[PDB]
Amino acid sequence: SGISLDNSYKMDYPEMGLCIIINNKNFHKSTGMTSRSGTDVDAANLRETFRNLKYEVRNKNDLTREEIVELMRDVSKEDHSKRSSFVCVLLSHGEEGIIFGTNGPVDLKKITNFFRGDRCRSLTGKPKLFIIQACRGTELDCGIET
């Protein structure tokens, strides 16, 4: 055939891939963490947006740290051979490098490590997108007038 370029990911597999949305709104009373008013609007907005991009959206609400790890572990062990990509959206409280389950923190590295090129072979070479709505610390941006 003619000249071929390799500059863009192949996104015409039979499936676009999974879009896992972890929507943590209500936290265990034990933790002292406040409910995240407005996060259901986000979760619905994301579900509709990625539906129109032809992702298989799975919405999960109010997961413990153990359930987040088990979910990620299970999803990473699925056969993604027929899928172009993978998307995970995390909506929760957070700190730098950390997302909160309903009962305490999860290292983001623990979540993303399941999808490493050597650990999720049916996603090797495919884009793995992690969209993270959470704080990354306590600094405040005062802005500057333009």
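By rigid core we mean the largest C-alpha set that fits within 1.5 Å across both forms. Residue numbers run from 1 along the displayed sequence.
Peer 1: Which segment is farther from the shown form on average in 7 other deposited structures of this protein after a rigid core fit, 28-36 or 52-60, going by CA atoms?
Peer 2: Taking the RMS over all superposed structures in 7 other deposited structures of this protein, 28-36 lies farther out.
Peer 1: Mean CA temperature factor from the deposited coordinates, higher in 29-37 or in 105-113?
Peer 2: Result: 29-37.
Peer 1: Given the B-factors recorded for C-alpha atoms, which segment has the greater mean, 58-66 or 87-95?
Peer 2: Averaging CA B-factors over each stretch, the winner is 58-66.
Peer 1: If you rank the chain by CA B-factor, which third does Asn7 end up in: lowest, middle or highest?
Peer 2: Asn7: CA B-factor falls in the middle third of its chain.
Peer 1: Taking the C-alpha B-factors as the PDB entry records them, is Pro14 in the lowest, middle or highest third of its chain?
Peer 2: Top third by C-alpha B-factor.
Peer 1: Is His80 in the lowest, middle or highest third of its chain when residues are ranked by C-alpha B-factor?
Peer 2: For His80, the deposited C-alpha B-factor lands in the middle third.
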